[PDB]
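A.B. asks: Compute the structure for the input listed below.
(13 chains, ligands or ions: 30)
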Amino acid sequence: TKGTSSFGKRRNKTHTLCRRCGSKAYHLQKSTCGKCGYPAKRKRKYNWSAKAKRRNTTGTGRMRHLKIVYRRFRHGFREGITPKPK
Amino acid sequence: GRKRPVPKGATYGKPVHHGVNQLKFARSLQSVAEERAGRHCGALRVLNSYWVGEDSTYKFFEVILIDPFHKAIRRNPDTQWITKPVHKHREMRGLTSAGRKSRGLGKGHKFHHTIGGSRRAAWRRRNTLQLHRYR
Amino acid sequence: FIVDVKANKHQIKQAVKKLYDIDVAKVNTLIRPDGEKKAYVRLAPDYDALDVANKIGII
Amino acid sequence: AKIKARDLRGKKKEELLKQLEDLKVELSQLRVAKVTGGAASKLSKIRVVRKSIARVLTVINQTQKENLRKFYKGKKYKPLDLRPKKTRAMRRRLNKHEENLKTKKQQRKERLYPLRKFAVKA
Amino acid sequence: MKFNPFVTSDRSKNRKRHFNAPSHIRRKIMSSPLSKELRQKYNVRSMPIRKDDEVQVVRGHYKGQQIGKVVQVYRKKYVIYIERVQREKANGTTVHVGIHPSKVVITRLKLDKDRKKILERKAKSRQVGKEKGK
Amino acid sequence: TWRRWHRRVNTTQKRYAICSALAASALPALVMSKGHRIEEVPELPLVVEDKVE
Amino acid sequence: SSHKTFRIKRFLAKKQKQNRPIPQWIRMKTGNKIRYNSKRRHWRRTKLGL
Amino acid sequence: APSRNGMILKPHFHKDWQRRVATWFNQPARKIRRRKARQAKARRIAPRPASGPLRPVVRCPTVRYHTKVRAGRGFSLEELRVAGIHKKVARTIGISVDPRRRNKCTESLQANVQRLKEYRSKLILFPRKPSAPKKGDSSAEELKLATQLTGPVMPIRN
RNA sequence: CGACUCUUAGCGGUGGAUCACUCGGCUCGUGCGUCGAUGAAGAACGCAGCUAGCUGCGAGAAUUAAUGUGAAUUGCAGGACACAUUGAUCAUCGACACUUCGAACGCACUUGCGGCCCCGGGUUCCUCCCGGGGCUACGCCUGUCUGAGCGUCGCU
RNA sequence: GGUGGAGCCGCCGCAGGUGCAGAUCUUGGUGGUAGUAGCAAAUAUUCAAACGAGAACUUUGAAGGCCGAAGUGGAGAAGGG
RNA sequence: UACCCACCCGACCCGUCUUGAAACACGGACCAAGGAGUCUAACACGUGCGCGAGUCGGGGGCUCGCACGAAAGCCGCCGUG
RNA sequence: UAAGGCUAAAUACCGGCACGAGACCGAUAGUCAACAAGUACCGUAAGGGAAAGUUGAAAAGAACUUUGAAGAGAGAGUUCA
RNA sequence: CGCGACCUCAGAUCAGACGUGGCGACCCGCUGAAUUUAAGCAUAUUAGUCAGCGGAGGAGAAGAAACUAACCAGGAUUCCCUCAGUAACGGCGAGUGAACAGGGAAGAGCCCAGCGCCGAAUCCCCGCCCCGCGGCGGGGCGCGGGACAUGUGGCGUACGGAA
Ligand SMILES: [Mg+2]
Ligand SMILES: [Mg+2]
Ligand SMILES: [Mg+2]
Ligand SMILES: [Mg+2]
Ligand SMILES: [Mg+2]
Ligand SMILES: [Mg+2]
Ligand SMILES: [Mg+2]
Ligand SMILES: [Mg+2]
Ligand SMILES: [Mg+2]
Ligand SMILES: [Mg+2]
Ligand SMILES: [Mg+2]
Ligand SMILES: [Mg+2]
Ligand SMILES: [Mg+2]
Ligand SMILES: [Mg+2]
Ligand SMILES: [Mg+2]
Ligand SMILES: [Mg+2]
Ligand SMILES: [Mg+2]
Ligand SMILES: [Mg+2]
Ligand SMILES: [Mg+2]
Ligand SMILES: [Mg+2]
Ligand SMILES: [Mg+2]
Ligand SMILES: [Mg+2]
Ligand SMILES: [Mg+2]
Ligand SMILES: [Mg+2]
Ligand SMILES: [Mg+2]
Ligand SMILES: [Mg+2]
Ligand SMILES: [Mg+2]
Ligand SMILES: [Mg+2]
Ligand SMILES: [Mg+2]
Ligand SMILES: [Mg+2]
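C.D. replies: Residues are numbered from 1 along each chain as shown, chains lettered A, B, ... in the order given. Ligands and ions are numbered 1, 2, ... in the order given. What follows is the structure:
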């Protein structure tokens, strides 16, 4: 009865949604995520499976601070100046 | 000393690799002190350290730290070389007086490993084929 | 009313009042399955809904 | 009839807020019209109005901030918004006195022993 | 031969820089030549085509001498939409047919403040190259 | 990537490779027999004035 | 569940709106490759991200 | 498994050559990266021996090598008080100062002194300012040259 | 010629090889070497007139002002405008903006609980109460204020 | 010969990830089996009308039946959404 | 020569391991497509070409935005080995 | 000449931005990914993780008659096809 | 049964700074196997490698000898060639296994502490003005603070330096 008859009483949840990752891996009991690991200040990235690294690195997201950095550099990082008007 | 941090004896694998009690840290204790003081005051940048006192169970290392961002240091030259972002935690890389002794550099017929930049960048050079273009 | 989802009742009340120069007996909010907050607003008895519908343009 | 940034730029702050609040109202009604059929004519405007709210609100925060960075211009101790946002490394680069400073010992050497110019063999 | 590295020459890379070029650029691309009369009068070889410019088809099924006026410009399909240039569909509903600028000749430019200054500045560049070669 | 792509010749080998190429840049037999359409050409080691530079 | 949180409610709200077909007019866009949605869910088969 | 006459061979590929192989398809672009330095440096320091400062005659060490001679690091100190050149001045005058050489013999001392004496004589000290006073060599010996010395200054031939 | 069957052929499908293309890879070079508490990287949710997805953006949300550019935009609508006009669109971007998590910062993560400052209504500080704005996370440096100590003294 | 619709080959050289029947080889497809196994747990359906292009299968009525209040009855949790 | 058919003689199903396979050994329904001695270093002999008590090759230099060029040319380098 | 300390340059660069090229692969190859690709889907989770390019030149993408409940057809029409 | 210096040490939502995550090829500390290899095998090797962990930048480390040498001597670092797959290590076996000289790329050197000299010659933070303000800085003027005598500035640092 460890199959079908037990693929049966599966009501109650271990994992839920992480507020840092986004993934469905909050351990409710341990209150550590185990995709990023939450209370742990630092992300659990991991040199370890390079596959799971290249699923969430600088690049994959939006880069909404970042993508306009490299803009600003290209052209030279100036500020508080506006092009000559008409 | 240092103690192989493994569940019981259980240094799995071959009987060379098969120890735990009697074995020593690579670095010195002074450099650990520098480590941990520079690691408290992450703002501050570690310089270097004396000895103050010892016991059978500890050693008391007193450590010199600096604010890179006292104007009393940005503005005076000589001192304004810590400010620069290269030197961010000198003690974690092993650039301190004490911290460098572990790396085992010098000139001469003993500082032969570490005859590139450093211990590692010796062999990076030696365990490579220079496979030229043009053979 | 559909309402901005961070709205409280005393915000929805001092909204609906401010605008359709109305006055409000009580507000009563839910969140539609869709995330849109509804809020159905009872207007004081002196004062009619079926008129203030045609003012705000609905009907 | 576009509420251009021409005609706002040089106007009083309180006047803009009325014209904003004119548009805000007007937008709210265009949402109603959307639900109550309305007309294609109205269902375009809803974009023009939205954006015209920007055309306005821009000018408000523009002209505020232009103004606001004119008090503390000159004052030393000024707020973060206005402090110059290059890059963290870059705002912790040395000052531009604090590298072209030289120790007086060194100046004394730069004076007594500067580098000549010279070609040779002639 | 090309030379300047800092330019491409790659079967693919400028095949790409085609049906990904923005409407900004497509103007320059969507240019057609001027007829001998204008090419004489004005000292300009070819112009960017514009909505209401009069045009003669030169190649294509229905080439001719009929000067039709341009109607609109798919800069998306990246192709122009002219006047009696049209076909009858199954229902009678006439639909215009696409033609390039490149397969068409301008017979009357629709002039303007902004378009004149180009005609000046192209003709000034032409003559500066001939005066420089001189 | 570390296939031995490029190769090797002795200077002398590849100097007297040029000899043999140049010596046969005369001899209309060999030059024609590359389909080098030399029939109305006046002479074969074809020298020209230095106006041409 | 009938006792939801908000965070869970905000999910399903989103997910719910993500099921609707494709507007027919899309299929007339100049350069399509799109004919049917192809990320559709059904409660019974494929069981949410939960 | 050897078979019938070869060498032994301890080829050392039991480690991991594979990961850390440097191929050299930089070589020629590097050649050029370099070119542009040699090039640029010269155009920057316009009148100044392109090769670098003057550097001393010097004997190779170990017993086999004896009979050879070199550009050494820099001229000694003992060497200079003799030529009458101040060590901190020398460094500005394109004269290379090692200050770390034990001078043992009068042979290689005067040999190497003559190079400084030689240098002085064929050196056009280009004056601090245009309207400048003593020791800078005259506007004739000044017009004549813009000449970078291509190749090693006063090259040391055995 | 009875039907089935096999072979071959004449054609109908099924399948999707082959070929032919190719806005993608791969490899190799060159230039530069781009983060953050002023608040990153990462996630959540939302935003189009008709829009699910990708992509783009952020309640000022299929963008903001400006400068070139210089007539489109478009699947369909709808539009202003006066195309003698920052004047459609696009690129650039430098002008302003930055929903929610997050090193995520008042405390916790339920989405609740607060503290302390201001400004509306309420009051007429009367306190709530209702409305609005600013702070409040840990470490540590220089400085300041307030202190503690049968530590070392001094004067009483 | 037909169809196909855009590119191709001969010699002299040079260069390969180079020639399949096999590896319970890899992927995709397709047969025979074969119109074969099979659509068997709870005793149960029948008539009439409606609706409908089309009705054993829907609906309404009528009739026969079952669950049979420790239920196939009426409400909830977690889960489901 | 090939298609069908007809006859007369011959005739076991390939692959493989195997002293011995048609095997009452194993793989193998059929078809498409993919698919297995590759590169590098080091030797060694055999051979081809250059020069020859030398001969080289780099790594360096001098000659390019390369279109061809990341080529070719040249260097008391040329021998520091 | 230690027990104090700094530093350009050559030097390294499968991450980034930005480019240039090839004896390359050419959609079961080439990166997992030519496209809604780290997408769909699976696992509680670490993680696992696909398939799928091509009308024509132009939608000119069958108007209209007709059979057919409708799916489908026959004419017709479009097309160099 | 006080008040006052200092020393140590607290508290401040104090004034002003700053630290923390990520990225992570290259870069630096450490840590650290086993497959594997030896026809086993534990010695050895894989290999100070992967994971783990820590740390940096436009490059990283190192660097101005407690070096090299045995010459008739050279002369910071790193890098490429070369030494050279050599000196040695090893159930001297599998493997391992560097260096010194030369040539070449590049090539720059310098700073502290102490000994002493010099009315702390110093340094920090306020207030008022003069210029400067989209990398917060000069100029002046203030019995406006404070560190510093347990020691702040100049010369000086060994190649000599001071006098
Ligand atoms: Mg000094
Ligand atoms: Mg189910
Ligand atoms: Mg040189
Ligand atoms: Mg396929
Ligand atoms: Mg195919
Ligand atoms: Mg006391
Ligand atoms: Mg090939
Ligand atoms: Mg095949
Ligand atoms: Mg019963
Ligand atoms: Mg019920
Ligand atoms: Mg056997
Ligand atoms: Mg048998
Ligand atoms: Mg078997
Ligand atoms: Mg030292
Ligand atoms: Mg250092
Ligand atoms: Mg450094
Ligand atoms: Mg395919
Ligand atoms: Mg593929
Ligand atoms: Mg096909
Ligand atoms: Mg195909
Ligand atoms: Mg055809
Ligand atoms: Mg960090
Ligand atoms: Mg074995
Ligand atoms: Mg073994
Ligand atoms: Mg074993
Ligand atoms: Mg071992
Ligand atoms: Mg080892
Ligand atoms: Mg080893
Ligand atoms: Mg590792
Ligand atoms: Mg050395």
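
A.B. asks: what about the residue in chain A positioned nearest to RNA strand M, distance to chain C?
C.D. replies: Across chain A, no residue is closer to RNA strand M than residue A:80, which sits at 2.4 Å (Cβ to the nearest atom of the strand). (C-beta placed from N, C-alpha, C; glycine too.) With the distance defined as Cβ to the nearest Cβ, to the nearest Å, residue A:80 ends up 35 Å from chain C.

A.B. asks: Same check on residue H:52?
C.D. replies: Where chain C is concerned, residue H:52 sits at a distance of 72 Å (Cβ to the nearest Cβ).

A.B. asks: Counting neighbours, what do you get for that residue?
C.D. replies: As a burial measure, residue H:52 scores 14 neighbours (other Cβ atoms under 10 Å in any protein chain shown).

A.B. asks: now the helices: where do they sit in chain C?
C.D. replies: If you assign secondary structure with DSSP state H, the helices in chain C sit at C:9-19, C:49-56.

A.B. asks: mind giving me a markdown table with the ones you listed and columns for mean neighbour count and distance to chain F?
C.D. replies: Output for the helices of chain C, formatted as a markdown table (neighbours: other Cβ atoms under 10 Å in any protein chain shown; distance: least, Cβ to the nearest Cβ, whole Å):
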| stretch | mean neighbour count | distance to chain F |
| --- | --- | --- |
| helix C:9-19 | 15 | 66 |
| helix C:49-56 | 11 | 73 |
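
A.B. asks: I'd like those helices written out as a markdown table, with distance to RNA strand I added.
C.D. replies: Listed next are these as a markdown table, based on distance: least, Cβ to the nearest atom of the strand, whole Å:
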| stretch | distance to RNA strand I |
| --- | --- |
| helix C:9-19 | 3 |
| helix C:49-56 | 19 |
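
A.B. asks: so which of those comes closest to residue A:34?
C.D. replies: Ranking the helices of chain C by proximity to residue A:34 (Cβ to Cβ) places helix C:9-19 first, at 39.9 Å.

A.B. asks: picking that back up, do you know which of the helices of chain C lies nearest RNA strand J?
C.D. replies: Per Cβ to the nearest atom of the strand, nearest to RNA strand J of these: helix C:9-19, 25.0 Å.

A.B. asks: And the contacts of the closest one?
C.D. replies: C:1, C:3, C:7, C:22, C:23, C:24, C:26, C:27, C:28, C:29, C:39, C:41 (Cβ atoms under 8 Å, 6 or more residues apart in numbering or on different chains).

A.B. asks: let's see 10 Å
C.D. replies: Contacts with helix C:9-19, where a contact means Cβ atoms under 10 Å, 6 or more residues apart in numbering or on different chains, come from C:1, C:3-4, C:7-8, C:22-29, C:37, C:39, C:41, C:43, C:52, C:56, D:25, D:28.

A.B. asks: Could you do stretch E:61-68 as well?
C.D. replies: With Cβ under 10 Å, 6+ apart as the test, stretch E:61-68 has contacts from E:35, E:54-58, E:82-87, E:96-97, E:99, E:103-108.

A.B. asks: what about it and RNA strand L, any contact?
C.D. replies: Yes: applying Cβ under 7 Å from any atom of the strand, one finds stretch E:61-68 in contact with RNA strand L at residue E:61.

A.B. asks: And that stretch, what's buried?
C.D. replies: Neighbour-count burial for stretch E:61-68 flags E:67, E:68 (criterion: 16 or more other Cβ atoms under 10 Å in any protein chain shown).

A.B. asks: Mind checking if that stretch is in reach of RNA strand I?
C.D. replies: No: Stretch E:61-68 is not in contact with RNA strand I by Cβ under 7 Å from any atom of the strand; minimum separation 15.0 Å.

A.B. asks: Any chance you could give me that stretch in CSV, C-alpha atoms only?
C.D. replies: Output of stretch E:61-68 as CSV, limited to C-alpha atoms (Å, rounded to 0.1, in the frame of the first residue of the first chain):
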residue,chain,number,x,y,z
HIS,E,61,3.7,43.4,-64.4
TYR,E,62,2.1,46.8,-65.1
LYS,E,63,5.0,49.1,-66.0
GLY,E,64,3.8,52.1,-68.1
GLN,E,65,4.0,55.8,-68.7
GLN,E,66,0.9,56.6,-66.5
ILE,E,67,2.0,59.1,-63.8
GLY,E,68,0.1,58.0,-60.7
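
A.B. asks: next one: that stretch to chain centre, how far?
C.D. replies: With Cα atoms, centre = their mean, to the nearest Å as the basis, stretch E:61-68 stands 16 Å off its chain's centre.

A.B. asks: can you check stretch A:20-34 too?
C.D. replies: On Cα atoms, centre = their mean, the centre of stretch A:20-34 falls 12 Å from the chain's centre.

A.B. asks: Any idea how far apart the tips of it sit?
C.D. replies: 11 Å (Cα to Cα, to the nearest Å).

A.B. asks: Now it: buried residues?
C.D. replies: Buried residues in stretch A:20-34 (16+ other Cβ under 10 Å): A:21, A:23, A:25, A:26, A:27, A:33.

A.B. asks: Show me the residue sitting in the middle of the chain in space.
C.D. replies: In the absence of a named chain, this looks at chain A. Among the residues of chain A, the one closest to the centroid is residue A:21, at 4.0 Å (Cα atoms, centre = their mean).

A.B. asks: not quite, I wanted chain E
C.D. replies: Closest residue to the average C-alpha location of chain E: residue E:31 at 2.1 Å, with Cα atoms, centre = their mean.

A.B. asks: on that earlier part again, any idea how far chain H is from the residue of chain A closest to RNA strand M?
C.D. replies: Taken as Cβ to the nearest Cβ, the span from residue A:80 to chain H is 34 Å.

A.B. asks: As a check, name the ranges of all helices in chain H.
C.D. replies: Counting by DSSP H, the helices of chain H are H:27-44, H:80-83, H:87-92, H:106-121, H:140-143.

A.B. asks: quick check, the second one touching chain D?
C.D. replies: Yep, that's helix H:80-83 we're talking about. No: Helix H:80-83 stays out of contact with chain D when judged by Cβ under 10 Å from any Cβ of the partner chain, the minimum separation being 14.3 Å.

A.B. asks: Alpha carbons only: can I get that helix in PDB?
C.D. replies: What follows is helix H:80-83, C-alpha atoms only, in PDB (Å, rounded to 0.1, in the frame of the first residue of the first chain):
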ATOM      1  CA  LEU H  80      79.100  58.300 -12.100                       C
ATOM      2  CA  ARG H  81      81.300  60.300  -9.500                       C
ATOM      3  CA  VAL H  82      84.100  59.900 -12.100                       C
ATOM      4  CA  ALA H  83      82.000  60.900 -15.100                       C
END
